[PDB]
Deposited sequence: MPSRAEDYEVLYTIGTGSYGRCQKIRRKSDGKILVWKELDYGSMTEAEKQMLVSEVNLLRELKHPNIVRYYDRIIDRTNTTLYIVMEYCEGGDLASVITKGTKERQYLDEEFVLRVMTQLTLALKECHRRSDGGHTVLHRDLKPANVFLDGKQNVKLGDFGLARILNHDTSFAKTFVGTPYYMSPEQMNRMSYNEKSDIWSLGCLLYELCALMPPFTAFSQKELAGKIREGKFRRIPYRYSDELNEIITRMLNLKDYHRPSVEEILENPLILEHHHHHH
């Protein structure tokens, strides 16, 4: 459980620095996240430890798996070691789709829907944006922890159905390659969100898919489908789920 056990291959992104690493013992490819607590108080660090201990708990195929936590008092740096998702995040996929003018396959959208819904179902039992949704090597979707496009109508006033809205917005952006509600100001955005109006996703996508995404974007949280009601949907099949 020491930083010297791992070899840094290259930096992925710059919480702090994120790096792709290889464990020397077996050569397993992973990544870690650097948190410089050097400028933190004993209070902030107290929350930092107990928060990462609760990160250690979540073991689920559709949630990014956390393996280890390495402290280095030398540079006062904390390393959270997690699984490597070779496919990157959904943000890049969406960006890649915009540029190349290609819409994502409906099969892919169903995969994200199914696996992110199972991610939420898991998070709710323990009681959301493209850049926090990752893809591994085997078509698996994994969840991982400034205009608020995905903010629900009630989340600007007053709920698990709020997550369904956020998922609704994410899936919509996967289909249309843009968020359901766009605006240059947060007050404009707020305006559009309360009106609850948006375009249909591209017509290459079936009415069935459009229907469910639309239901998730319902203004009444109680009209939105529950995690259960989503998975009962005839669209969602076994091959849309995770596979090792």
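Handout entry: Ranges of the deposited sequence (numbered from 1) for which no C-alpha atom is modelled
Key = Model skips 1 to 2, 17 to 18, 132 to 141, 160 to 177, 191 to 193 of the deposited chain.
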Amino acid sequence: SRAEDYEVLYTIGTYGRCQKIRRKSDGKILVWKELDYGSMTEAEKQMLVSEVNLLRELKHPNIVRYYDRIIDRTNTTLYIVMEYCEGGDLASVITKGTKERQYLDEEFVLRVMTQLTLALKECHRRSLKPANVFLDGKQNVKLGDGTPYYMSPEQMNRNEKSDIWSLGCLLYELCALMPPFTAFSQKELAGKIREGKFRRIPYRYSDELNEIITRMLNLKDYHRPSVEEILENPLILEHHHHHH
From here on, numbers count along this sequence of modelled residues.
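Problem - No coordinates for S127 in a third or more of the other PDB entries - result: Per the records, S127 goes unmodelled in at least a third of the other entries.
Problem - Other PDB entries, at least a third, lacking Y10 - result: It is not, since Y10 is included in all of the other entries that model both flanking stretches.
Problem - Stretch exceeding the other in mean C-alpha B-factor - 230 to 238, 19 to 27 - result: It is 19 to 27 that shows the higher mean C-alpha B-factor.
Problem - Mean C-alpha B-factor comparison - 212 to 220 and 37 to 45, higher one - result: Comparing averages over the C-alpha atoms only gives 37 to 45.
Exercise for the section: Select one of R204, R69, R200, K192: the residue whose C-alpha shows the highest B-factor in the crystal structure entry. Expected result: Most elevated C-alpha B-factor of the set, per the entry: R69.
Problem - Residue with highest C-alpha B-factor in the PDB entry, from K121, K142, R158, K138 - result: Reading the PDB entry, the winner on C-alpha B-factor is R158.
Problem - Modelled-residue ranking by C-alpha temperature factor, third containing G97 - result: Its C-alpha B-factor, which the entry lists for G97, ranks in the middle third among residues of this chain.
Exercise for the section: Report the third (lowest, middle or highest) to which the CA temperature factor of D89 belongs, ranking only the modelled residues of the same chain. Expected result: Tercile = lowest for this residue's CA B-factor.
Handout entry: Where the record places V64 (Cα B-factor, split into thirds across the chain)
Key = It belongs to the middle third of the chain when residues are ordered by C-alpha B-factor.
Exercise for the section: Using the B-factor values recorded in the entry, state whether the Cα atom of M151 falls in the lowest, middle or highest third among the modelled residues of its chain. Expected result: Middle third of the chain for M151's C-alpha B-factor.
Handout entry: Chain-relative CA temperature factor third for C169
Key = CA B-factor rank for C169: lowest third.
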